Amino acid sequence: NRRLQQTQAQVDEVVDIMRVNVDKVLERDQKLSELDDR
Amino acid sequence: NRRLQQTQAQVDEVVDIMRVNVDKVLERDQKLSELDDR
Amino acid sequence: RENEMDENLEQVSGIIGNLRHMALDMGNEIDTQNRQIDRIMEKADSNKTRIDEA
Amino acid sequence: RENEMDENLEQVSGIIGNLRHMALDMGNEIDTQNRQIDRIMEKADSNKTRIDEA
Amino acid sequence: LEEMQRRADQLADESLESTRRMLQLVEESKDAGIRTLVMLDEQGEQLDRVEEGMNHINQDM
Amino acid sequence: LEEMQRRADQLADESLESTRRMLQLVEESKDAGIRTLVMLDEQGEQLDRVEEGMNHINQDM
Amino acid sequence: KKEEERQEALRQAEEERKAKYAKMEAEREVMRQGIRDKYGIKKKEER
Amino acid sequence: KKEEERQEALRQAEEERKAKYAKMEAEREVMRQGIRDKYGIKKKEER
Amino acid sequence: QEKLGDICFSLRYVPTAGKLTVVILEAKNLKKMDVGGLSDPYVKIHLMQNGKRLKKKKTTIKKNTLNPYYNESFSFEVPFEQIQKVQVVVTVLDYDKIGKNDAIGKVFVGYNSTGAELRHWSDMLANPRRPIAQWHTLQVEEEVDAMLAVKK
Amino acid sequence: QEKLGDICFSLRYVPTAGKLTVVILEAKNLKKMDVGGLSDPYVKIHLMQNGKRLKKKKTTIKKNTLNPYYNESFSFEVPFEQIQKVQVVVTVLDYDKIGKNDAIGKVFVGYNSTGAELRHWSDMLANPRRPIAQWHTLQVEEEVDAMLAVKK
Amino acid sequence: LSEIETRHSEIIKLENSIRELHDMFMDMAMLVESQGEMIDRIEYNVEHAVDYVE
Amino acid sequence: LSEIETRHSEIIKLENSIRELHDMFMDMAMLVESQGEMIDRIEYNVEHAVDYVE
Ligand SMILES: [Mg+2]
Ligand SMILES: [Mg+2]
């Protein structure tokens with residue numbers, strides 16, 4: 001019980017962090033696509 | 001300039017006094033909570 | 001535009017003086033009543049032990 | 001029959017901890033490089049306008 | 001330039017509003033302290049009569 | 001009865017297999033994240049040299 | 001009555017109450033410490 | 001030559017390319033939005 | 001704008017009976033396929049497993065609207081040992097363009113679902129015999145179809 | 001004992017750039033959530049305004065310790081017209097109890113802060129572009145949350 | 001220009017100090033009120049007892 | 001019996017959560033790879049230009 005609850009909470013935390021990171025790297029893709037050829 | 005400095009010093013003094021008073025009244029709450037029902 | 005600000009600071013200063021002497025007064029009263037409550041607890045424990053013995 | 005399952009859950013938990021700190025690291029690096037790329041775009045536009053004027 | 005003057009007027013307005021908030025805060029403090037003193041008067045008298053009562057009960061025993 | 005025990009063993013087996021799939025998934029996630037970090041190192045150095053290059057070109061102009 | 005020594009059960013009334021009268025106390029001390037910490041007051045026990 | 005001002009047609013090479021270089025961009029942004037929607041990410045424009 | 005619209009629908013699962021129920025509630029802010037006209041939206045519900053289409057269901061049509069209200073309930077018979085292996089695919093289509101480019105947008109829930117879709121699925125499985133309603137941003141059909149060609 | 005522990009951290013503000021920087025330095029004497037084990041402490045930093053959570057940040061975890069050392073720096077973009085309207089909330093949590101009762105203790109600085117917390121905030125604003133480090137006694141989370149439901 | 005930045009800082013510093021003082025007065029009034037309820041109960045105790053001994 | 005139904009549900013809920021996290025890591029690696037090709041092209045641009053100005 002506690003093992004499953006704890007693991008779920010840990011997963012949820014890393015999913016939050018990674019969601020933020022994916023937004024940031026999508027900004028990165030936008031900016032780098034601008035600089036790719038202009 | 002001097003008005004702001006003076007007012008700050010006055011506030012700080014009253015905050016010291018009131019800090020002491022709050023400690024004293026917390027002692028008062030302890031003692032009165034003892035006597036409330038025993 | 002900035003005269004009103006120093007007027008407000010002036011008023012605040014006065015009220016702070018009054019709060020100073022209020023804090024002193026309530027401090028002294030809390031002290032006196034603190035040792036009064038001490039006496040009351042001494043007498044209450046006196047009645048408690050004197051009842052507890054008989 | 002169910003001990004193996006909680007052992008697997010234990011391993012998964014540990015790896016998740018490592019993935020947490022990996023995600024933090026790559027987040028910080030993406031931030032720093034993001035504003036570095038901002039600087040690069042500023043300098044590139046500077047060369048672009050300074051060439052465009054002459 | 002254009003932004004500096006705007007931000008300057010902004011900080012000025014927030015400063016004046018800050019003194020007004022100070023005025024409200026010290027007024028409400030003063031009311032609270034007065035109420036506190038009145039309550040300490042009432043409770044002080046109550047404490048006098050508690051002391052007298054307990055001394056009477058221990059004098060009767 | 002007879003069906004309840006069978007379905008119970010079924011759900012148990014699927015649960016264990018589920019934890020095994022979790023193990024595979026977090027392993028492959030870990031490999032992906034490591035590769036991502038290495039790539040961000042390489043590209044970071046590349047970005048340093050891009051910045052230096054453009055600053056040199058605009059210093060020459 | 002021949003069993004006029006009735007079981008004065010007030011002991012379980014002054015104990016089931018003084019129990020709660022202690023629990024409510026613990027909570028209150030938390031509040032009190034909450035005040036002391038908030039303004040930075042060391043209780044009399046220190047120094 | 002008397003007509004040495006040869007027509008430098010690079011303008012139609014940097015435009016027929018920057019056209020494609022924009023089309024491929026639009027498609028890519030679709031993909032990017034595809035990611036944002038899939039995980040529920042509001043772009044910086046929101047709030 | 002470039003947005004497709006949102007669909008609100010409810011999910012319900014009864015493990016003992018193995019009954020899964022999708023009530024299509026409403027949709028809002030649907031994108032117009034063509035300019036100058038308005039759509040005749042309807043909704044398809046595909047229950048899917050291992051990338052193969054099990055049962056397909058369809059709502060009625062609501063003419064001349066970008067904010068349709070449906071409240072139409074569809075049920076699929078899915079045993080509890082299999083409920084965690086399926087995917088429900090919800091598609092909003094323009095009946096006026098049937099036979100050509102149909103889809104406005106679509107979404108899916110269940111196995112390998114992500115984001116609001118996954119938290120909705122898990123909400124359903126965590127509240128058995130209780131319908132949970134949720135909104136969902138429609139996603140372009142090519143992205144979702146790519147996501148659906150992968151998982152089982 | 002009944003004490004929660006202390007956290008040392010530094011504060012820095014640059015009015016021109018509108019940059020606020022919190023370096024989590026260390027913590028000492030953390031209370032154990034459970035007996036017999038030791039904690040995996042980490043720190044959350046919430047920047048907050050008008051009772052709403054703006055940005056949230058987290059340190060790494062340090063396993064099996066009640067006296068962690070971090071030295072991890074976090075920065076928030078806060079303009080000078082708004083710097084006096086925010087609150088920074090610092091929470092120490094046990095990663096081993098994530099998903100249940102997490103918090104060991106917490107503290108906050110800025111608007112409607114009091115005591116050492118306020119004198120730290122004011123020290124920061126009085127020494128622009130200079131990091132001031134200070135210790136802070138952790139307070140129970142329910143008291144601090146009550147204090148945080150009030151001010152804006 | 002700098003006079004106004006620094007002064008805004010020390011102005012809102014004064015406001016924060018005054019808000020802490022205000023909180024102290026409010027908590028003082030709250031505590032004293034509660035202790036007033038306490039003293040009510042105490043005094044009814046010992047007067048419903050002093051009328052019990054007299 | 002109910003313990004196993006509910007637990008199967010939350011187990012596969014954990015698996016679904018982990019599969020979403022896995023997808024996030026995979027998409028991160030894909031995007032960063034593509035941007036790596038981009039940065040290759042960019043840097044050859046500005047070094048075939050910094051060798052053009054030098
Ligand atoms: Mg008197
Ligand atoms: Mg670097």
# chains A, B, ... in the order shown; residues from 1 in each chain; ligands from 1
>>> residues_around(residues="residue E:39", least_positions_apart="2", cutoff="9 Å", atoms="only C-alpha atoms", output="compact mmCIF listing (two decimals) with N, CA and C atoms, in the first residue's frame")
# COMPACT_ATOMS: atom_id res chain seq x y z
N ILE E 34 -6.34 49.73 23.00
CA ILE E 34 -7.35 50.24 23.93
C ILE E 34 -8.24 49.11 24.42
N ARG E 35 -8.81 48.33 23.49
CA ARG E 35 -9.63 47.19 23.89
C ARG E 35 -8.88 46.27 24.85
N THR E 36 -7.60 46.03 24.57
CA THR E 36 -6.78 45.19 25.44
C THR E 36 -6.71 45.76 26.85
N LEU E 37 -6.50 47.08 26.96
CA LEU E 37 -6.41 47.70 28.28
C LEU E 37 -7.72 47.59 29.04
N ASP E 41 -8.45 45.68 32.62
CA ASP E 41 -9.14 46.26 33.77
C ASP E 41 -10.19 45.29 34.31
N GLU E 42 -11.13 44.89 33.44
CA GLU E 42 -12.19 43.97 33.86
C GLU E 42 -11.61 42.71 34.50
N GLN E 43 -10.68 42.06 33.79
CA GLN E 43 -10.10 40.82 34.30
C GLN E 43 -9.31 41.05 35.58
N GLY E 44 -8.69 42.22 35.73
CA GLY E 44 -8.01 42.52 36.97
C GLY E 44 -8.95 42.51 38.16
N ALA K 29 -4.69 41.37 21.68
CA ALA K 29 -6.12 41.46 21.96
C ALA K 29 -6.79 40.10 21.90
N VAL K 32 -5.72 38.05 25.11
CA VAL K 32 -6.35 38.59 26.31
C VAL K 32 -7.85 38.28 26.32
N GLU K 33 -8.49 38.30 25.15
CA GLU K 33 -9.89 37.90 25.09
C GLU K 33 -10.08 36.46 25.56
N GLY K 36 -9.80 36.05 29.00
CA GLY K 36 -10.98 36.58 29.67
C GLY K 36 -12.08 35.55 29.80
>>> residues_near_ligand(ligand="ligand 1", cutoff="8 Å", atoms="only C-alpha atoms and all ligand atoms", output="number ranges by chain")
C: 32-33; E: 41, 44-45, 47-48
>>> atom_distance(atom1="atom CA of residue E:61", atom2="atom CA of residue G:9")
26.3 Å
>>> calpha_fit_and_write(fixed="chain L", moving="chain K", output="compact mmCIF listing (two decimals) with C-alpha atoms, in the first residue's frame")
# COMPACT_ATOMS: atom_id res chain seq x y z
CA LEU K 1 -11.10 -9.83 -2.78
CA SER K 2 -11.71 -6.09 -3.10
CA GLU K 3 -8.13 -5.31 -2.04
CA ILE K 4 -6.95 -7.01 -5.23
CA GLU K 5 -9.43 -5.27 -7.54
CA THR K 6 -8.63 -1.79 -6.22
CA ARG K 7 -4.91 -2.56 -6.08
CA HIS K 8 -4.85 -3.82 -9.66
CA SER K 9 -6.46 -0.51 -10.58
CA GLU K 10 -3.89 1.65 -8.79
CA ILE K 11 -1.02 -0.58 -9.99
CA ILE K 12 -1.89 -0.10 -13.64
CA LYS K 13 -2.51 3.57 -12.79
CA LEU K 14 1.13 3.71 -11.69
CA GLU K 15 2.11 1.94 -14.91
CA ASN K 16 0.18 4.46 -17.03
CA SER K 17 1.80 7.36 -15.15
CA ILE K 18 5.24 5.80 -15.70
CA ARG K 19 4.45 5.31 -19.40
CA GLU K 20 3.58 9.00 -19.73
CA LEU K 21 6.83 9.94 -17.96
CA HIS K 22 8.66 7.58 -20.33
CA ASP K 23 7.04 9.29 -23.30
CA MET K 24 8.19 12.65 -21.95
CA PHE K 25 11.79 11.43 -21.74
CA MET K 26 11.62 9.96 -25.26
CA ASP K 27 10.20 13.17 -26.76
CA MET K 28 12.84 15.18 -24.88
CA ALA K 29 15.59 13.08 -26.46
CA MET K 30 14.00 13.35 -29.92
CA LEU K 31 13.62 17.13 -29.77
CA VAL K 32 17.12 17.68 -28.39
CA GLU K 33 18.51 15.50 -31.19
CA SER K 34 16.74 17.55 -33.87
CA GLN K 35 17.95 20.78 -32.27
CA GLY K 36 21.42 19.25 -32.36
CA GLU K 37 21.22 18.96 -36.13
CA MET K 38 20.00 22.57 -36.15
CA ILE K 39 22.95 23.74 -34.05
CA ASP K 40 25.34 21.88 -36.35
CA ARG K 41 23.99 23.83 -39.32
CA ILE K 42 24.00 27.13 -37.40
CA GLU K 43 27.58 26.78 -36.26
CA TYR K 44 28.84 25.82 -39.71
CA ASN K 45 26.99 28.92 -40.93
CA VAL K 46 28.74 31.29 -38.54
CA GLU K 47 32.14 29.61 -38.83
CA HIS K 48 31.94 29.63 -42.63
CA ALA K 49 31.16 33.31 -41.97
CA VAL K 50 33.74 34.02 -39.26
CA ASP K 51 36.30 32.53 -41.64
CA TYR K 52 34.74 34.87 -44.23
CA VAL K 53 35.39 37.98 -42.11
CA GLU K 54 38.86 36.86 -40.96
>>> closest_atom_pairs(of="chain A", to="chain J", cutoff="12 Å", atoms="only C-alpha atoms", output="JSON lines")
{"residue": "A:1", "atom": "CA", "partner": "J:99", "partner_atom": "CA", "distance": 11.6}
{"residue": "A:2", "atom": "CA", "partner": "J:99", "partner_atom": "CA", "distance": 8.9}
{"residue": "A:3", "atom": "CA", "partner": "J:99", "partner_atom": "CA", "distance": 10.1}
{"residue": "A:4", "atom": "CA", "partner": "J:99", "partner_atom": "CA", "distance": 9.8}
{"residue": "A:5", "atom": "CA", "partner": "J:99", "partner_atom": "CA", "distance": 6.3}
{"residue": "A:6", "atom": "CA", "partner": "J:99", "partner_atom": "CA", "distance": 5.4}
{"residue": "A:7", "atom": "CA", "partner": "J:99", "partner_atom": "CA", "distance": 8.4}
{"residue": "A:8", "atom": "CA", "partner": "J:99", "partner_atom": "CA", "distance": 7.7}
{"residue": "A:9", "atom": "CA", "partner": "J:99", "partner_atom": "CA", "distance": 5.0}
{"residue": "A:10", "atom": "CA", "partner": "J:98", "partner_atom": "CA", "distance": 6.9}
{"residue": "A:11", "atom": "CA", "partner": "J:99", "partner_atom": "CA", "distance": 10.4}
{"residue": "A:12", "atom": "CA", "partner": "J:99", "partner_atom": "CA", "distance": 9.6}
{"residue": "A:13", "atom": "CA", "partner": "J:98", "partner_atom": "CA", "distance": 9.3}
{"residue": "A:14", "atom": "CA", "partner": "J:58", "partner_atom": "CA", "distance": 11.3}
{"residue": "A:16", "atom": "CA", "partner": "J:56", "partner_atom": "CA", "distance": 10.8}
{"residue": "A:17", "atom": "CA", "partner": "J:57", "partner_atom": "CA", "distance": 9.4}
{"residue": "A:20", "atom": "CA", "partner": "J:56", "partner_atom": "CA", "distance": 10.9}
>>> interface_residues(of="chain E", to="chain C", cutoff="9 Å", atoms="only C-alpha atoms", output="compact mmCIF listing (two decimals) with N, CA and C atoms, in the first residue's frame")
# COMPACT_ATOMS: atom_id res chain seq x y z
N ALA E 12 6.32 56.49 -6.95
CA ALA E 12 5.79 57.57 -6.12
C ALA E 12 4.38 57.24 -5.63
N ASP E 13 3.50 56.86 -6.56
CA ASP E 13 2.13 56.52 -6.19
C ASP E 13 2.10 55.40 -5.15
N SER E 15 4.37 54.71 -3.01
CA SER E 15 4.86 55.23 -1.73
C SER E 15 3.76 55.95 -0.97
N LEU E 16 3.05 56.87 -1.63
CA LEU E 16 1.94 57.55 -0.98
C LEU E 16 0.91 56.55 -0.46
N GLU E 17 0.50 55.61 -1.31
CA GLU E 17 -0.43 54.58 -0.86
C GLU E 17 0.13 53.80 0.31
N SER E 18 1.45 53.64 0.37
CA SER E 18 2.07 52.96 1.51
C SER E 18 1.87 53.74 2.80
N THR E 19 2.06 55.06 2.77
CA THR E 19 1.80 55.84 3.98
C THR E 19 0.33 55.76 4.38
N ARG E 20 -0.58 55.74 3.41
CA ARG E 20 -1.99 55.59 3.76
C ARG E 20 -2.25 54.25 4.46
N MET E 22 -0.09 52.64 6.20
CA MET E 22 0.46 52.82 7.54
C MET E 22 -0.56 53.47 8.46
N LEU E 23 -1.23 54.51 7.97
CA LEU E 23 -2.23 55.20 8.78
C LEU E 23 -3.32 54.23 9.22
N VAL E 26 -1.88 51.71 11.93
CA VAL E 26 -1.68 52.22 13.28
C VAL E 26 -3.01 52.58 13.94
N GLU E 27 -4.01 53.03 13.16
CA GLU E 27 -5.33 53.23 13.74
C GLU E 27 -5.87 51.92 14.32
N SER E 29 -4.26 49.29 15.17
CA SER E 29 -3.45 48.93 16.32
C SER E 29 -3.90 49.67 17.56
N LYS E 30 -4.13 50.97 17.44
CA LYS E 30 -4.55 51.76 18.59
C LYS E 30 -5.87 51.25 19.16
N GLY E 33 -5.19 48.02 21.05
CA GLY E 33 -4.54 48.23 22.34
C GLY E 33 -5.48 48.78 23.39
N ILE E 34 -6.34 49.73 23.00
CA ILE E 34 -7.35 50.24 23.93
C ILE E 34 -8.24 49.11 24.42
N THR E 36 -7.60 46.03 24.57
CA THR E 36 -6.78 45.19 25.44
C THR E 36 -6.71 45.76 26.85
N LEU E 37 -6.50 47.08 26.96
CA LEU E 37 -6.41 47.70 28.28
C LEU E 37 -7.72 47.59 29.04
N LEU E 40 -8.07 44.20 30.34
CA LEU E 40 -7.19 43.93 31.47
C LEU E 40 -7.72 44.57 32.74
N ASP E 41 -8.45 45.68 32.62
CA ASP E 41 -9.14 46.26 33.77
C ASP E 41 -10.19 45.29 34.31
N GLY E 44 -8.69 42.22 35.73
CA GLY E 44 -8.01 42.52 36.97
C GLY E 44 -8.95 42.51 38.16
N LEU E 47 -9.88 39.07 38.97
CA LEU E 47 -8.80 38.38 39.67
C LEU E 47 -8.76 38.75 41.14
N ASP E 48 -8.98 40.03 41.45
CA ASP E 48 -9.09 40.44 42.85
C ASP E 48 -10.14 39.60 43.58
N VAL E 50 -11.34 36.66 42.71
CA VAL E 50 -10.93 35.26 42.80
C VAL E 50 -10.00 35.05 43.99
N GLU E 51 -8.99 35.92 44.11
CA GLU E 51 -8.08 35.84 45.25
C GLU E 51 -8.84 35.90 46.57
N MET E 54 -10.78 32.57 47.22
CA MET E 54 -9.97 31.42 47.65
C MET E 54 -9.43 31.61 49.06
N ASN E 55 -9.02 32.84 49.40
CA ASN E 55 -8.58 33.09 50.77
C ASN E 55 -9.70 32.88 51.77
N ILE E 57 -12.22 30.68 51.33
CA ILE E 57 -12.44 29.24 51.41
C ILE E 57 -11.37 28.57 52.26
N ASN E 58 -10.11 28.97 52.13
CA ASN E 58 -9.06 28.38 52.95
C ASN E 58 -9.06 28.92 54.38
N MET E 61 -11.75 26.55 56.06
CA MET E 61 -11.25 25.21 56.34
C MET E 61 -10.36 25.21 57.58
>>> atom_distance(atom1="atom CA of residue I:105", atom2="atom CA of residue I:5")
7.6 Å
>>> atom_distance(atom1="atom CA of residue J:85", atom2="atom CA of residue J:123")
16.1 Å
>>> interface_residues(of="chain H", to="chain L", cutoff="10 Å", atoms="only C-alpha atoms", output="MDAnalysis selection string")
chainID H and resid 32 35 38:39
>>> closest_atom_pairs(of="chain I", to="chain H", cutoff="9 Å", atoms="only C-alpha atoms", output="Markdown table")
| residue | atom | partner | partner_atom | distance |
| --- | --- | --- | --- | --- |
| I:113 | CA | H:38 | CA | 8.4 |
| I:114 | CA | H:39 | CA | 5.7 |
| I:115 | CA | H:39 | CA | 4.4 |
| I:116 | CA | H:40 | CA | 6.5 |
| I:117 | CA | H:38 | CA | 8.6 |
| I:137 | CA | H:37 | CA | 7.4 |
| I:138 | CA | H:37 | CA | 8.4 |
| I:139 | CA | H:37 | CA | 6.8 |
| I:140 | CA | H:34 | CA | 7.5 |
| I:143 | CA | H:34 | CA | 6.1 |
| I:144 | CA | H:34 | CA | 8.2 |
>>> select_by_dssp(residues="chain H", states="alpha helix (DSSP H)", output="PyMOL selection string")
chain H and resi 10-39
>>> interface_residues(of="chain I", to="chain F", cutoff="10 Å", atoms="only C-alpha atoms", output="ChimeraX atom specification")
/I:80-82
>>> write_last_selection(atoms="C-alpha atoms", output="mmCIF file, in the first residue's frame")
data_model
loop_
_atom_site.group_PDB
_atom_site.id
_atom_site.type_symbol
_atom_site.label_atom_id
_atom_site.label_comp_id
_atom_site.auth_asym_id
_atom_site.auth_seq_id
_atom_site.Cartn_x
_atom_site.Cartn_y
_atom_site.Cartn_z
ATOM 1 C CA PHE I 80 -12.064 -6.149 -15.865
ATOM 2 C CA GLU I 81 -9.036 -8.198 -16.927
ATOM 3 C CA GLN I 82 -9.127 -6.301 -20.247
#
>>> residues_around(residues="residue I:67", least_positions_apart="5", cutoff="7 Å", atoms="only C-alpha atoms", output="count of residues only")
4
>>> decode(residues="stretch 2-50 of chain L", atoms="C-alpha atoms", output="compact mmCIF listing (two decimals), in the first residue's frame")
# COMPACT_ATOMS: atom_id res chain seq x y z
CA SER L 2 -11.71 -6.09 -3.10
CA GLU L 3 -8.13 -5.31 -2.04
CA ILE L 4 -6.95 -7.01 -5.23
CA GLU L 5 -9.43 -5.27 -7.54
CA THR L 6 -8.63 -1.79 -6.22
CA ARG L 7 -4.91 -2.56 -6.08
CA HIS L 8 -4.85 -3.82 -9.66
CA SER L 9 -6.46 -0.51 -10.58
CA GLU L 10 -3.89 1.65 -8.79
CA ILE L 11 -1.02 -0.58 -9.99
CA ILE L 12 -1.89 -0.10 -13.64
CA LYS L 13 -2.51 3.57 -12.79
CA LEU L 14 1.13 3.71 -11.69
CA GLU L 15 2.11 1.94 -14.91
CA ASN L 16 0.18 4.46 -17.03
CA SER L 17 1.80 7.36 -15.15
CA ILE L 18 5.24 5.80 -15.70
CA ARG L 19 4.45 5.31 -19.40
CA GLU L 20 3.58 9.00 -19.73
CA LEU L 21 6.83 9.94 -17.96
CA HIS L 22 8.66 7.58 -20.33
CA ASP L 23 7.04 9.29 -23.30
CA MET L 24 8.19 12.65 -21.95
CA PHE L 25 11.79 11.43 -21.74
CA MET L 26 11.62 9.96 -25.26
CA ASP L 27 10.20 13.17 -26.76
CA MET L 28 12.84 15.18 -24.88
CA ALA L 29 15.59 13.08 -26.46
CA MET L 30 14.00 13.35 -29.92
CA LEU L 31 13.62 17.13 -29.77
CA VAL L 32 17.12 17.68 -28.39
CA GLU L 33 18.51 15.50 -31.19
CA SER L 34 16.74 17.55 -33.87
CA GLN L 35 17.95 20.78 -32.27
CA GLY L 36 21.42 19.25 -32.36
CA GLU L 37 21.22 18.96 -36.13
CA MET L 38 20.00 22.57 -36.15
CA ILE L 39 22.95 23.74 -34.05
CA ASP L 40 25.34 21.88 -36.35
CA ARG L 41 23.99 23.83 -39.32
CA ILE L 42 24.00 27.13 -37.40
CA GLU L 43 27.58 26.78 -36.26
CA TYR L 44 28.84 25.82 -39.71
CA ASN L 45 26.99 28.92 -40.93
CA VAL L 46 28.74 31.29 -38.54
CA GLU L 47 32.14 29.61 -38.83
CA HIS L 48 31.94 29.63 -42.63
CA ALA L 49 31.16 33.31 -41.97
CA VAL L 50 33.74 34.02 -39.26
